[PDB]
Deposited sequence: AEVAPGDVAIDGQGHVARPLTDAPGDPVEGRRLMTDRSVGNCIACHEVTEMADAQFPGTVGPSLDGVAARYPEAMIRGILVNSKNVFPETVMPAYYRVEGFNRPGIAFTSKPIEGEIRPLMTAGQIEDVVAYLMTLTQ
């Protein structure tokens, strides 16, 4: 199954303990999604020494993030980083409402109809699986 964005259970710390999909997290595919501007765009802000070209320095290096943070905290950061870091510049990847002039990707066009999350449940679990190896 999949847990829809509006149906996610988030605790008081912004932690999400249950996965968004029960399909297994592919650590190999999560690595890929992080370099794509069209998906995660994680590199634009974050260093991952493991990936091995021009990572950003807005966000902290993600080396060893699995060693400092619970999986539930890592997923939570990806569902809605603002729950975990208030007023953070990190986009909210599993939010579908509460935006201001959202557009369809980088097309400058207004979204008409429902908002799809920046990443799917499967894409988030792929990326979570991959971050969990950074110990």
Handout entry: Deposited sequence positions missing from the model - stretches, numbered from 1, in order
Key = 53-54, 138
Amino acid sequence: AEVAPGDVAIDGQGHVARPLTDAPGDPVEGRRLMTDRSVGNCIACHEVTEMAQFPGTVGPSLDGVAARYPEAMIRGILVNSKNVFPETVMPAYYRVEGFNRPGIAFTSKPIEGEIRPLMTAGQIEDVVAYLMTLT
From here on, numbers count along this sequence of modelled residues.
Exercise for the section: For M51, record whether it is unmodelled in at least a third of the other compared entries of this protein. Expected result: no
Problem - Greater mean Cα temperature factor according to the PDB record, 59-67 or 76-84 - result: 59-67
Problem - Of 22-30 and 104-112, the stretch whose C-alpha atoms average the higher B-factor in the entry - result: 22-30
Handout entry: Options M51, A44, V89, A92 - largest CA temperature factor per the record
Key = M51
Practice task
Could you look up the Cα B-factor of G122 in the entry and say which third of the chain it sits in: lowest, middle or highest?
Solution key: lowest
